[PDB]
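Shown below, as C-alpha cells, is a lone chain in the form deposited in one PDB entry; questions about how it binds or moves come after it.
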C-alpha cells in the first residue's frame, strides 16, 4: 500500500476549495473553487490527460467554499462566501434552488444520508437546517459556537441521529439531530478549527485546524479517543471509504494514518512557499484520492503496492 501522483486536473483559475465524488458516476467528479465555479470533470484516464472539464457551474457571486453530490449523483449542493447555498441539476448544469437565510459567508454544506435534509455552517456563527426546497427549518444560535462555524457534517449512523460541527471557538460540537439540541462539547484544541469528518460507521469523528493535531472522538460514547500529530495546519480531513485510514491535508502535504497502529502509512508531497492542500476526496472505488491546491490544480493520487 503506497500512493503515487497519477495526474492533475487543470481548469480552475482560483484555489480549489473542495472536491466531491459519486459512486453512480465514477468518471465524473466535482470541484469547488475561489474562481466562483464548480467544475464537473470527465475522467478520461489517458497518456495526455487524467480528466478534462466537462461543464462549469456558474451562479455564486463569490468563492465557492464547499460542494457535495446527492446519493443518485444527479444533483450537487454548494455553499459560498456570498452567503447562500445552491442546488444544481447536474444534467442541465443549472441552479434549481437558492438557499437564502445566512447573514454572512457560508463555509460548509452537507446532505443527510436520505438526502431529505441539508445543513450549513456560516461566518454568522449559526448552523442552519433546511429542506430540499430552500426553506430554513431550524437555526441553531444558542448553545452554538461563539465564533465562525467552519464545518458541519451528518453522521451515517441512524441509531444515533447526529450532526457534528467545529468552529473558530476551538470547539467540536455534537448535536442531537431530532431536537437540534447540544449533545456534547469536545474541548481540547488550542487553535481554530477548519474541518470535521465522520467515519463510514459513524463511530469516529476527526477534527482539525490551526493547532495541527487531528483529534479522534468517539460519537457513540461521547469521549476523546486519541490525537495524531499533523505537524502543520490541518485544512481538510476524510476517512478512506474502503480502508481503516485517516487522511489530513496538513499544510502542503497529505498525511495518511493507519488507525490500527496509529502510524503514518504515507505522506504525499509535491517534490518561496509550496502550494497548500485545501481539500481531499476519495473516488467511488477508494483507489484514487483527489486533492485540491492553492495553485488552482487538482492532484490525482493513486493507490499502488
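Numbering follows the first chain given and starts at 1.
Going from residue 271 to residue 272, you skip over 4 to 9 residues of the deposited sequence that the entry leaves unmodelled. Mean C-alpha B-factor is higher over 41-49 than over the other stretch, the pair under comparison being 41-49 and 65-73. As listed in the deposited structure, the average C-alpha B-factor of 86-94 and of 126-134 is greater for 86-94. Per the PDB entry, 178 shows the highest C-alpha temperature factor of the residues 119, 206, 174, 178. When the modelled residues of the chain are ordered by their C-alpha B factor, residue 188 lands in the middle third. When all modelled residues of the chain are sorted by CA temperature factor, residue 36 is found within the lowest third. Per-chain ranking of the deposited C-alpha B factor places residue 288 in the middle third. Residue 113: CA B factor lies in the highest third for its chain, per the PDB record.
For residue 60, the recorded CA temperature factor ranks within the lowest third of the chain's modelled residues.
Same protein, other form: the form deposited with a partner chain bound, not shown, and the subject of what follows.
The partner is absent here; in the deposited bound form, the one residue of 146, 91, 158, 131 having a heavy atom within 4.5 Å of the partner chain is 131.
By the criterion of a heavy atom within 4.5 Å, residue 214 is excluded from the residues contacting the partner chain in the deposited bound form. In the deposited bound form, the partner chain stays beyond 4.5 Å of every heavy atom belonging to residue 233. Using a 4.5 Å cutoff between non-hydrogen atoms, residue 98 does not count as a contact of the partner chain in the deposited bound form. Contact check for residue 87: a non-hydrogen atom falls within 4.5 Å of the partner chain in the deposited bound form. Considering the partner chain in the deposited bound form, the lone stretch of 101-109, 78-86, 120-128, 171-179 in range is 171-179 [heavy atom distance within 4.5 Å].
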